[PDB]
Amino acid sequence: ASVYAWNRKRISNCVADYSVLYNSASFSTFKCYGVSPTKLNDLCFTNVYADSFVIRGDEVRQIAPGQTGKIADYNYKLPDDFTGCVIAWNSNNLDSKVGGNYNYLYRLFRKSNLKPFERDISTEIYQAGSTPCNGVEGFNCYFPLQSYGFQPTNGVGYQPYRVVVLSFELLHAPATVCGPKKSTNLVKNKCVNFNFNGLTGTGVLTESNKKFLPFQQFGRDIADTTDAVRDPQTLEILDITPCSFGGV
Amino acid sequence: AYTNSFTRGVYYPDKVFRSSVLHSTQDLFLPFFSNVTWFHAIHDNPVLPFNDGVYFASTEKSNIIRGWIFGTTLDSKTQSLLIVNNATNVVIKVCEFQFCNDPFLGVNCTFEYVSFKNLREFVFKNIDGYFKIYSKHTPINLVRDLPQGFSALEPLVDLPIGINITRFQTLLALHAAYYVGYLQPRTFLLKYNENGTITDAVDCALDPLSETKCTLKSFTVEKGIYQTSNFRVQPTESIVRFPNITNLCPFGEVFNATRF
Amino acid sequence: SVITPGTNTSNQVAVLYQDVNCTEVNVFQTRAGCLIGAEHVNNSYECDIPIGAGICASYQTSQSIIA
Amino acid sequence: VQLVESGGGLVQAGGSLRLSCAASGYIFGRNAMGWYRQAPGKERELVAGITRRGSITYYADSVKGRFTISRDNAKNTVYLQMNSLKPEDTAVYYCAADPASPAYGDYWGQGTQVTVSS
Amino acid sequence: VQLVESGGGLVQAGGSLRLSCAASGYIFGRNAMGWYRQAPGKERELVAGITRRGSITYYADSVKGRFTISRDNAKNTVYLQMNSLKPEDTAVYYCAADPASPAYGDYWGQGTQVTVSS
Ligand SMILES: *[C@@H]1O[C@H](CO)[C@@H](O[C@@H]2O[C@H](CO)[C@@H](O)[C@H](O)[C@H]2NC(C)=O)[C@H](O)[C@H]1NC(C)=O
Ligand SMILES: *[C@@H]1O[C@H](CO)[C@@H](O[C@@H]2O[C@H](CO)[C@@H](O)[C@H](O)[C@H]2NC(C)=O)[C@H](O)[C@H]1NC(C)=O
Ligand SMILES: *[C@@H]1O[C@H](CO)[C@@H](O)[C@H](O)[C@H]1NC(C)=O
Ligand SMILES: *[C@@H]1O[C@H](CO)[C@@H](O)[C@H](O)[C@H]1NC(C)=O
Ligand SMILES: *[C@@H]1O[C@H](CO)[C@@H](O)[C@H](O)[C@H]1NC(C)=O
Ligand SMILES: *[C@@H]1O[C@H](CO)[C@@H](O)[C@H](O)[C@H]1NC(C)=O
Ligand SMILES: *[C@@H]1O[C@H](CO)[C@@H](O)[C@H](O)[C@H]1NC(C)=O
Ligand SMILES: *[C@@H]1O[C@H](CO)[C@@H](O)[C@H](O)[C@H]1NC(C)=O
Ligand SMILES: *[C@@H]1O[C@H](CO)[C@@H](O)[C@H](O)[C@H]1NC(C)=O
């Protein structure tokens, strides 16, 4: 997609292999915010959103939280508290063409700035003076979208780049997306290091005698800590007891 | 026609099991004792605002209410959400639907999913692109008014749609009554029993006794004086005063100079 | 602050605004603040719920909060 | 910044002069392009412009009776045909986006001097 | 990035075509260099390569019976001689390091189109 009208897709009910992207030497950049790029395979997400567009090389740096500029303000914006990875690579042999590829568009101006994850696909003529435009370009009347005109011989800052942004959503909600991990057998009445569909801790697991409502995934105590969990393969409830300790 | 909500519209705010505890939370709930609009199906189908979320309820014998439509302009130009109970299943679609001004059921698209005596209650809210639906079905014996008593709704479905909703309209079949309220962003103290069922609640902004109950984390209050809040006089006007300077600052003489 | 009998007796309450005038916020102005909802009487009783500056309140006879 | 101007020179008033410039796709792809001029002691002004879409043209009042602006997408170029030039038209002419501005990352080129004698 | 390719063009199947490129010392000094090709609708693949040390050569199976790769250090150049070209060999050919990658700061050049007719 053109950056002014960026695409979005949801990723769910799957195994997310992140090493396949991280260790791919074809990427020009792979920057993660809020998470290490090498720990992604060990994490679970509610879901993952993949945003996708083409931009010019000199403006790749605007696809980041806290940034300003023509893309950051009028085409695609990430929030200051963004959690996710921005991945990009050169497409000079795909998107650039002789005479210029004018199909990819960007918004150069707008009445006001975008909020995070907004999209503006309006074709309304922008007034930049006192006289109403009434849909016609001329002095003080301009159409807001510009073409890139990408060409094979442009210098690198003017070459096209393909950008994919993976936004990671984290909630108490059961993870619908997890990395390529293998399960183990469940054991009881031992002190273990555990991970239940992304929820971790150290403790002793026992069978509970309490009832969860059909939609509840885990429970908590008075201190708001994890009290119990629902096993993801066998839908049974286990209680978590801290491993014994004391002074000597 | 309007009627008192009688402390209804409470639902489980999350999927965390809790028991034998009083838990305080800030979310969108139907305020206690506000009134709701009472609509009659016998001798209508208006388009109502959605606002920040909707409390919906109905009472039946024949189940003439079949579903509802959510959206903005409902003009076939943008996405609209259609939910209909038909035959043996429930079909949910999000499309650039063409609607009738008064859609009814005689007796491109982006998303698709398929799942008096009777009181049914629902809560509809839009958070982070999700159309969250909570519900409860209980038996009744009341015709003339909205039933009293406390019951919490459970999550039914959580739909990953990404749809902008400002208005909605119900769908009735044609040959009983329903109520519409709106949710507000306020704190409640919720009481969970030993099985994790919410059995009671306090609306912390209903009156000073409720404020005391929330302050003290209790549904029972002892005799005495409790300090619960802070009174502040608010400004009603503003004053701006400057000396009589009409002279403009000579920035042009520095800025637009012929020689630097 | 909220002045109340316990909830085992009544759900009627009185409210005190500690530092303000009754003209700013069954209303009684005292040195302890503006007291709203309690009925002031000129009798004299043993103190139950203290308010301040010589004033107390209680719930009694038709049963209501008095100051 | 990725613009080259040409076609300037000294002419006697009357007749005509052809100005032209070439642009990279980056600039040629802008919503509109035109010619600007700056006379000594004067502010730079837009003389004429042509849009990318619809080939809509417009001119400053002072040149409406004698200038024609056009573009040729095949070569990524823009032209200005100035007929009936008068001494008042002496200025440096520049090729730039109709919404030209440093705010958008634009730069002015060398421009080309057009001088019109008696 | 400091590479220039040449020698492309249209030939009839059979005969031969000579490709060549020149490199700056920065690239020519890499452990190995070779030719890559990309046909429309296909991923780019390594066709042939020659090392810097030992002049070790290797070829993709699809070209083992007809391509020869060589280098000439005197001019900092690399050559690919493609004999018995078939229509299947139509692709854009590129000069790059055998371990070519953005990860090492490499860039692809323009490449040169080689077209082989019936
Ligand atoms: C949801 O759609 C409505 C249109 O029905 C949008 O409302 C418009 O908002 C703009 C400001 O952005 C106002 O100038 C218009 O007057 C509003 N139109 C109407 C009919 O009220 C609303 O902003 C959209 N919401 C989101 C989150 O996209
Ligand atoms: C320096 O001079 C410029 C040009 O005279 C001033 O900018 C404005 O230019 C537009 C035309 O493009 C006029 O319609 C405005 O009236 C001008 N503004 C003003 C205040 O005259 C610019 O403001 C001047 N800079 C300073 C500091 O005075
Ligand atoms: C997961 O797979 C195992 C092995 O086939 C099966 O016994 C178990 O019931 C499955 N659980 C769920 C939730 O699908
Ligand atoms: C009940 O509805 C009427 C409608 O006229 C409105 O004036 C009143 O304020 C509402 N009261 C409450 C508590 O919602
Ligand atoms: C699908 O979307 C396009 C705009 O991208 C619109 O022109 C077309 O009419 C839409 N199709 C339907 C059936 O609404
Ligand atoms: C909790 O469930 C048990 C049955 O397992 C039932 O006997 C008990 O009354 C329930 N408690 C409440 C408060 O509903
Ligand atoms: C509170 O009221 C109940 C009756 O509902 C009574 O049995 C109990 O003794 C009362 N408690 C106090 C402290 O008065
Ligand atoms: C309230 O205002 C009146 C004047 O209207 C004044 O006499 C009185 O002392 C004030 N009381 C307090 C508590 O401020
Ligand atoms: C105050 O005392 C008088 C007798 O002097 C009595 O008549 C009156 O009712 C009392 N008022 C209050 C509020 O106690």
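Before moving on, here are some points about what is shown:
- Every listed requirement among (1) farther than 17 Å from E:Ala39 by Cβ; (2) more than 14 Å from every other protein chain (Cβ to nearest Cβ); (3) over 13 Å from the mean Cα position of the chain (by Cα) is met by E:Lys86 save one, (1).
- Close contacts from the stretch B:32-60, counting a first residue that is more than 14 Å from chain C (Cβ to nearest Cβ) and a second that is more than 16 Å from ligand 2 (Cβ to nearest atom) and of a type in the set (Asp, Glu), with Cβ to Cβ under 7 Å and a gap of 6+ residues or different chains, come to B:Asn45/B:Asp102; B:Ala57/B:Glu121.
- Only one entry of A:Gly179, A:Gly138 meets the criterion of being over 30 Å from the mean Cα position of the chain (by Cα) and either within 14 Å of chain D (Cβ to nearest Cβ) or not β-branched (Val, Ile, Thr) (or both), and that entry is A:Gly138.
- Of all residues in the stretch B:35-50, those satisfying the criterion of being in contact with a strand residue (DSSP E or B) (Cβ under 7 Å, 6 or more places away or on another chain) and either more than 21 Å from B:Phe99 (Cα to Cα) or not in a loop (DSSP other than H, G, I, E, B) (or both) are B:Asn35, B:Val36, B:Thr37, B:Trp38, B:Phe39, B:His40, B:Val47, B:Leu48, B:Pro49.
- Out of B:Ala205, B:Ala201, B:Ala173, sole residue that is part of a strand (DSSP E or B), among the hydrophobic types (A, V, I, L, M, F, W, C), closer than 26 Å to C:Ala14 by Cβ and away from chain C (no Cβ under 13 Å): B:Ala201
- Taking the listed residues B:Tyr178, B:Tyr182, the one that is in contact with a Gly (Cβ under 8 Å, 6 or more places away or on another chain) and of a type outside the set (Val, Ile, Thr) is B:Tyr182, with no other qualifying.
- Among the conditions (1) acidic (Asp, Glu); (2) more than 14 Å from chain C (Cβ to nearest Cβ); (3) closer than 30 Å to B:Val21 by Cβ, the only one that B:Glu237 does not satisfy is (3).
- Scope the stretch C:1-29; condition surrounded by 17 or more Cβ atoms within 10 Å (Cβ to Cβ) and among the β-branched types (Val, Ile, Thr); matching residues: C:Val2, C:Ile3, C:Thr4, C:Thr7, C:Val13, C:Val15
- Test for B:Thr3: is it within 14 Å of another protein chain (Cβ to nearest Cβ), away from ligand 7 (no atom under 16 Å from the Cβ) and over 15 Å from the mean Cα position of the chain (by Cα): no
- Where strands (runs of 3 or more DSSP E) fall entirely within the stretch A:1-61, those with at least 3 residues that are over 15 Å from the mean Cα position of the chain (by Cα) and closer than 27 Å to A:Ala72 by Cα are at A:47-56.
- Any hit, the stretch B:17-32, residues being of a type in the set (A, V, I, L, M, F, W, C), under 20 Å from B:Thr197 (Cβ atoms) and outside any strand (DSSP E or B): yes
- Inter-residue pairs, beta-carbon under 6 Å, first surrounded by fewer than 12 Cβ atoms within 10 Å (Cβ to Cβ) and in the stretch A:25-43, second in a helix (DSSP H, G or I), 6+ apart: A:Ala25/E:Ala103
- Scanning the stretch A:185-211 for residues that are within 14 Å of chain B (Cβ to nearest Cβ) and over 15 Å from A:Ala173 (Cα atoms) turns up A:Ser208, A:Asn209, A:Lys210, A:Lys211.
- Lone unmet requirement of (1) within 16 Å of ligand 3 (Cβ to nearest atom); (2) surrounded by fewer than 12 Cβ atoms within 10 Å (Cβ to Cβ) for A:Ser244: (1)
- Only a single item in (1) outside any helix (DSSP H, G or I); (2) in contact with a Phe, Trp or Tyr (Cβ under 6 Å, 6 or more places away or on another chain); (3) away from chain D (no Cβ under 14 Å) is not met by A:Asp95, and it is number (3).
- Across the stretch C:5-19, a minimum of one residue is classified as more than 19 Å from B:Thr212 (Cα to Cα) and either within 16 Å of ligand 8 (Cβ to nearest atom) or assigned to a loop (DSSP other than H, G, I, E, B) (or both).
- Residues of the stretch D:66-115 classified as touching a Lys or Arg at 6+ places or on another chain (Cβ under 6 Å) and surrounded by 17 or more Cβ atoms within 10 Å (Cβ to Cβ), total: 4
- Within the stretch B:208-260, tally of residues that are part of a strand (DSSP E or B) and of a type in the set (A, V, I, L, M, F, W, C): 1
- Residue within the stretch B:139-158 that is within 16 Å of ligand 1 (Cβ to nearest atom), away from chain C (no Cβ under 14 Å) and within 16 Å of the chain's Cα centre (by Cα) present: no
- Condition met for A:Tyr18 (crowded, with 19+ Cβ neighbours inside 10 Å, more than 20 Å from D:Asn31 (Cα to Cα) and of a type in the set (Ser, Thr, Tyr)): yes
- Between C:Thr23, C:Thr9, the distinction of being within 9 Å of chain B (Cβ to nearest Cβ) and away from ligand 2 (no atom under 16 Å from the Cβ) belongs to C:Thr9 only.
- For the stretch C:20-66, the set of residues classified as among the small types (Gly, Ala, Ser), assigned to a loop (DSSP other than H, G, I, E, B) and more than 20 Å from B:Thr228 (Cα to Cα) consists of C:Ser44, C:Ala53, C:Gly54, C:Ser62, listed by residue number.
- Residues satisfying the stated conditions in the stretch B:208-227, i.e. among the hydrophobic types (A, V, I, L, M, F, W, C) and facing chain C (nearest Cβ under 9 Å): B:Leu209, B:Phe219, B:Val221, B:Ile225
- Hits in the stretch D:47-65 - residues which are within 14 Å of another protein chain (Cβ to nearest Cβ) and exposed (fewer than 14 other Cβ atoms within 10 Å of the Cβ): D:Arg53, D:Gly54, D:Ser55, D:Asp61, D:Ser62, D:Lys64
- Answer residue from the stretch D:13-31, given it is part of a strand (DSSP E or B) and surrounded by 24 or more Cβ atoms within 10 Å (Cβ to Cβ) and is nearest to the other protein chains (Cβ to nearest Cβ) among those: D:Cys21
- Matching option when the condition is away from ligand 5 (no atom under 16 Å from the Cβ) and within 11 Å of another protein chain (Cβ to nearest Cβ), among B:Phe231, B:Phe188: B:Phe231
FYI the Cβ positions are ideal-geometry reconstructions off the backbone, even for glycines, and counts take in every protein chain you see. Here, each number is a calculation from the coordinates, and none is a lab measurement.
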